[PDB]
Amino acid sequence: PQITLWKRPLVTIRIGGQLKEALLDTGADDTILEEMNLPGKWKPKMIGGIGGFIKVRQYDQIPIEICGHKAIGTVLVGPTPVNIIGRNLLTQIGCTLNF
C-alpha cells in the first residue's frame, strides 16, 4: 500500500501466529517488540534510543508478516514504548519513502 503520515503508521503484524500492532519506523535501524516469548536461542544485546540505552534479547531469523508481506530477520525484544518495525525488515518488504 501507500501510507500517508497524518496518523501514526500502525499496522498489523503476524509473528508466531500472534497478531500485534506495530509502528512502521523509518528512524529505527532495528525492529524492537515489547516483551513476548519467542523460541530459539537469543543473545543479550544493548541498544540506544532517544532516552538512553536498554537491554534487549536478540532473536535471529524470525518470520514476521507485515501487512501480508513476508519478512524473516532479526527481532529485538525489550522495553520499547511501542512495537517498532525498523529498517532491517522495512527493506525486506520493499518499503520506501516518497515525496
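One rule holds for the numbers: they count along the sequence shown, beginning at 1.
Trainee: So 38-46 or 24-32, which one's hotter by mean CA B-factor in the entry?
Mentor: Stretch with the higher mean C-alpha B-factor: 38-46.
Trainee: Mean CA temperature factor from the deposited coordinates, higher in 48-56 or in 61-69?
Mentor: Per the PDB record, 61-69.
Trainee: Looking at the entry's B-factor column for C-alpha atoms only, identify whether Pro9 ranks in the lowest, middle or highest third of its chain.
Mentor: It belongs to the lowest third of the chain when residues are ordered by C-alpha B-factor.
Trainee: Relative to the other modelled residues of the same chain, rank the CA B-factor of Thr80 and answer lowest, middle or highest third.
Mentor: It falls in the middle third of the chain.
Trainee: Which third of the chain does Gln92 land in by C-alpha B-factor: lowest, middle or highest?
Mentor: According to the entry, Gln92 has a C-alpha B-factor in the chain's lowest third.
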